[PDB]
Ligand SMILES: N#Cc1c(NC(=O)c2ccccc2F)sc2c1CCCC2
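Have a look below at one chain only, the form solved without the named molecule, in structure tokens format.
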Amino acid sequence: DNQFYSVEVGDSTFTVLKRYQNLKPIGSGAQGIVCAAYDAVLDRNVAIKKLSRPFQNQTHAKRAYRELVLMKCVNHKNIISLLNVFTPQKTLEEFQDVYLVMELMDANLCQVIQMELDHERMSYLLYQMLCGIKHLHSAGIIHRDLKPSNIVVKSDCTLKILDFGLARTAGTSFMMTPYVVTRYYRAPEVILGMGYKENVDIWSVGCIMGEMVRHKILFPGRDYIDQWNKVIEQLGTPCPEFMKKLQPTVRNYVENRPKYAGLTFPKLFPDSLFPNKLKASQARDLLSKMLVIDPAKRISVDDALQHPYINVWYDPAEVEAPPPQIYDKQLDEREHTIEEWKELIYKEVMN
């Protein structure tokens, strides 16, 4: 087309708007390919994600529409946004390809983890994560799968979350490197099948902060049995009132584990790992409130934002910024034929 041009990217071809130049592959998976590009209209770099075979089957089609709907629910500087969405095909009948354009960031938290950070940068990165997470929650989106590889950063110390609401396979994070498995970051209520609420994301933030501090994965379980053990060995055997909430067989498994005292937080995060004396105490205290097995006793997002270690950055405009829409979960249980999903997606793309 006059507006589009084609560029070969390994074994696929990107047909994109002419404003997007110098495309180069930065990530790839069975579910999509991501290129870095220069956006000549904005004079900014951009990430372009081409969905792979979105109409292969009903599942992929529903997933494609859902990704698009999730992106319109949010509008916050600590959450990746959809700068643009397009298709090079000119009618519904020819319609096949969907391209998503998002901000190109510089690294994910895997890179930050190995760095030694002052309290200002540590707390500020955490504060941005929390602002991002609060916004998702206000939009009816609970992430559940937060981890260093789906949190991205820039050299100006800004931070954005990606892959909210996406299956851990259709996400941008899965397509790119470095990558870490989600198992290490999942809350006890998730791995023990108890159901979860908003502060499921606080546990993950705690695991990530813990890893930024220790420069090593907090709970590197080889599987979900190992995962649970690693948690209890370090944090201690949870209270009886927590265990009573468990389903019958898993409750007995958990109750029959040897009883562990668990290490104190000064033991888990010694001064050795921190730079100033009030700030290390404050960080350790925040950690001891996020890394709490029982969600009923775990700190919420609002209280985390109010915590002394984080609160220094508080700006009500960043915290109380409301989402454009609230995600309708009736979408999760909606059925359409592929052709019907395709028309729905097409309308959203041409919107």
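We call the rigid core whatever largest set of C-alpha positions still superposes within 1.5 Å between the two forms. One-based numbering along the sequence shown.
Another form exists, deposited with the named molecule bound; not displayed. Remarks below refer to it.
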Once the site C-alphas are superposed and the named molecule is modelled as in the entry with it bound, is the result open or blocked, blocked being 3 or more ligand atoms within 2.4 Å of any backbone or C-beta atom of this form?
blocked
Should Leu104 be counted as a contact of the named molecule in the entry with it bound, where contact means heavy atoms within 4.5 Å?
yes
Can you work out whether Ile133 and the named molecule are in contact in the entry with it bound, taking contact to mean some heavy atom pair no more than 4.5 Å apart?
no
Is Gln111 a contact residue for the named molecule in the entry with it bound, using a 4.5 Å heavy atom cut-off?
yes
Check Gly27 for me: does it contact the named molecule in the entry with it bound (non-hydrogen atoms, 4.5 angstroms)?
yes
I need to confirm a contact call. Of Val301, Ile293, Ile310, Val34, which residue comes within 4.5 Å of the named molecule in the entry with it bound, counting heavy atoms only?
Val34
If you check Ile232, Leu162, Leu268, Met212 against the named molecule in the entry with it bound, which one has a heavy atom within 4.5 Å?
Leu162
Using a 4.5 Å heavy atom cut-off, which stretch among 198 to 206, 94 to 102, 258 to 266, 235 to 243 contacts the named molecule in the entry with it bound?
94 to 102
Heavy atom within 4.5 Å of the named molecule in the entry with it bound - qualifying residues of 283 to 309:
none
Determine, with the core as the superposition reference, the one member of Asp156, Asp223, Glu94, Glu116 that shifts its CA by 2 Å or more between the shown form and the other one.
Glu94
After fitting the rigid core, is the C-alpha of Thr59 off by 2 Å or more between the shown form and the other one?
yes
